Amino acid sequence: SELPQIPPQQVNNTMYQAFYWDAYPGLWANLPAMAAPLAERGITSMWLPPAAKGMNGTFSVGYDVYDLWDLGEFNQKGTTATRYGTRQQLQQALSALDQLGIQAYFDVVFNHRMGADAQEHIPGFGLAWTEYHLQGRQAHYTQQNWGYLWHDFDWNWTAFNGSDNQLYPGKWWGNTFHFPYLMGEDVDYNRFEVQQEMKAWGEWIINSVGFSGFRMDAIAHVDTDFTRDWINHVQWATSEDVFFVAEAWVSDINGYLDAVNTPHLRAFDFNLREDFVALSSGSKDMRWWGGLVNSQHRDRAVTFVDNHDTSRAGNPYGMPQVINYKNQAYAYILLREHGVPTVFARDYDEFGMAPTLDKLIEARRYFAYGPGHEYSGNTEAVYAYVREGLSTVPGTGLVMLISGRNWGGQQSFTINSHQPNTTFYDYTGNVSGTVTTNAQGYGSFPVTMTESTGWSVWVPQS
């Protein structure tokens, strides 16, 4: 039978982080083939690694950014291509993603620059590595392209607030939610000409280069007023609804969003990951879950299990790890009514989770529709959750259960599916057979009490 046909503008957004630390040199040429099956499963957006030239050339993951206007197009930092390829290869990849229906998000590093071409003597301060030549800026940041947004100025020390925790003369750090100085040469987003250049750059990335949104690196270290004004400018200068997600790795993420104060900005749900750390232990209390996705800001949450900082060879940030129960964690984020979930390439590819995650991605794409309902019968060992489906799309809706224990065997729970007189089957295949519901919609739904197969996604049988 046919899959549920979701009206195109109601389809769930499912994001794929298309990299991990040091992964995929030469990504751009390989991205079309990587993305084709992901689109089939239900991925609709891809967060691509930072695509601008970094100080370390082809050895740069991209976060040590040198020239935001050099996407692998100019011979700078010892290479023309970035680690991922040339700009032409990136453009080819973007066109391929467009044809697949996948929006691409640009990982923008605004906070600092690295790799100055020369030292300057700053009057009243001393020597600093602040002279940046920026060939991509020379080529693309012009009045011919940008009209009144163009200003004739060089990126020397006056484009920066300071370095190594010291302000340059006349500078201030800006209004930042977290501490302002992180590393490198801190960019002065209180300087009008820098603000205006970045507005032009944002228009370039969306309207000229062809990205569809931004992941904003280290953004709680960046002036909050610039952040708001830049987002609002770019959103209004673009015909489509541009996606923006903040990496605001702070304790009060809701407070950060309240401070930036723009409806266009989402944020990664770092606090929810604490529950996945507990889940991984095999001892989580399954009755309750925190995070931005369980708050008033849940429509602005971008949920995830791990990223290239929280899961990386060597654990450089000294972060509690999510090792076990990862399919259960993915089922939790993927089937939620609210939040945009992220599938991490390291989990999908390196750790080999694709064969099981593919079914959860498909379940989000085709069945996770309609209002969600929490379950009053959760136990310390089992969490359940219902999507009622859409009456206008028969076959939608689901009853999800996840085990946080490794006891073996099955346990069943009487749950209101909101679909009376209906037969359900487990889309994952982890529990065989069927569940029938009564005249009120209630049925007894099993889950396997194991780490390795302890998630079930019961959906209507066509």
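Throughout, we count residues from 1 along the sequence that is shown.
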Quick note on 429 to 437 and 404 to 412: per-entry mean CA temperature factor is higher in 404 to 412
Quick note on 247 to 255 and 340 to 348: per-entry mean CA temperature factor is higher in 247 to 255
From the entry's CA B-factor values, the highest among 82, 238, 161, 232 is 238
Among 274, 388, 197, 269, the highest C-alpha B-factor in the PDB entry belongs to 274
Chain thirds by Cα B factor, record data; residue 179 belongs to the highest
Quick tally, chain-level thirds of C-alpha B-factors: residue 393 sits in the highest
Binned into thirds over the chain's modelled residues, the C-alpha B-factor of residue 420 lands in the middle
So, residue 450's CA B-factor, relative to its chain, sits in which third? The middle
Temperature factor at the Cα of residue 365, chain-ranked in thirds, falls in the lowest
